[PDB]
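K.L.:
sequence unknown, structure follows:
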Ligand SMILES: [Zn+2]
């Protein structure tokens, strides 16, 4: 696709749940947990 000659290109790991952003993938992964715990039912649907 958008091939080229450029490396060392990190990404802005953003959360598609609340609206956060981290530097390292792990950081985000750990955060997401806050949204996913013990399958707490809610207004999610219905
Ligand atoms: Zn979040």
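P.N.:
Yep, that arrived. Numbering: from 1, shown residues only.

K.L.:
only C-alpha atoms from now on, for both contacts and neighbour counts.
P.N.:
Will do.

K.L.:
find the closest residue to the ion in this protein.
P.N.:
In the chain, the residue found nearest to the ion is residue 18; the distance is 4.0 Å by CA to the ion.

K.L.:
now stretch 1-19: buried residues?
P.N.:
Neighbour counts over stretch 1-19 (16 or more other CA atoms under 10 Å) mark residue 13 as buried.

K.L.:
which outside residues touch it?
P.N.:
Taking contacts as CA atoms under 8 Å, 6 or more residues apart in numbering, the residues outside stretch 1-19 that touch it are 20-25, 28, 32, 35.

K.L.:
quick revisit: helix/strand/coil for the residue of the chain closest to the ion?
P.N.:
Under DSSP: H, G, I helix; E, B strand; the rest coil, the three-state class of residue 18 is coil.

K.L.:
can you put the contacts of stretch 1-19 in TSV and add distance to the ion and secondary structure?
P.N.:
TSV is the format used below for the contacts of stretch 1-19 (distance: CA to the ion, whole Å; DSSP: H, G, I helix; E, B strand; the rest coil):
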residue	distance to the ion	secondary structure
20	6	coil
21	8	strand
22	10	coil
23	14	coil
24	14	coil
25	13	helix
28	8	helix
32	5	helix
35	7	coil
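
K.L.:
among the residues you listed, name the buried ones.
P.N.:
Counted by 16+ other CA under 10 Å, the contacts of stretch 1-19 give 28, 32 as buried.

K.L.:
export the contacts of stretch 1-19 to TSV and tack on distance to residue 5?
P.N.:
Formatted as TSV, those follow (distance: CA to CA, whole Å):
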residue	distance to residue 5
20	30
21	27
22	26
23	23
24	23
25	24
28	28
32	33
35	38
